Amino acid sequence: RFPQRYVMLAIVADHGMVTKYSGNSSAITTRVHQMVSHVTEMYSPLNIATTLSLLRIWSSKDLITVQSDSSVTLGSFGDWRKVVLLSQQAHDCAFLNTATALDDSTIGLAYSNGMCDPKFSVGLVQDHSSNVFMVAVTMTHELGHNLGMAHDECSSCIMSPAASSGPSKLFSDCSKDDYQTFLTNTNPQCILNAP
């Protein structure tokens, strides 16, 4: 249905994550890999090949102030991504994986249509469950917003506004249409490039 596309993803695990998993960077790495495998599987149907270009773990201190308000944190993260992370290695989008509970009890945030933008191609995902698939669905959902998708307002589809108890790995037809609109009206250049 869609032309070949690629999302060269960067993930940053904050200091809260290191604390949560008892300083075990190896365990965090294994966790993110599984998360990405799930994300990758969920994007295949849209002909988007997702890969983890890099993983950063803030084992010393956070490089930005990570706070309970997702909006402020996402903005600081986007500034850091544009001014620092992009200088280290090319990538299409970066997501901050945080252990910190958000102040409005949400579990993620992203910039709509931000894919490829130096500053706005970022997302925020709270490590809200021991079930990695569940957290991967949230990351997939936020990448969805980055890719121009709006909420399904299908209750079990990825872009559902609320996190189902039994989430599926499918994008709604509305979600696919939003993605189509995105490719047509935006058509960001970075995701055309294979790793």
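Sequential numbering from 1, following the sequence displayed.
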Inset, instruction - Between residue 153 and residue 154, determine how many residues of the deposited chain lack coordinates; answer none if the chain runs continuously, otherwise 1 to 3, 4 to 9, or 10 or more. - result: 4 to 9
Legend entry - Stretch with the greater mean C-alpha B-factor as recorded in the entry, comparing 163-171 against 22-30: 163-171
Legend entry - Stretch with the higher entry mean CA B-factor, where the candidates are 39-47 and 133-141: 39-47
Inset, instruction - Tell me which of 54, 157, 66, 57 tops the list for C-alpha B factor in the record. - result: 157
Inset, instruction - Name the one of 183, 12, 17, 9 with the greatest CA B-factor according to the PDB entry. - result: 183
Inset, instruction - Within this chain's modelled residues, let me know which third the CA B factor of residue 87 belongs to: lowest, middle or highest. - result: middle
Legend entry - residue 76 - Cα temperature factor, lowest/middle/highest third of chain: lowest
Legend entry - Chain-relative CA temperature factor third for residue 106: middle
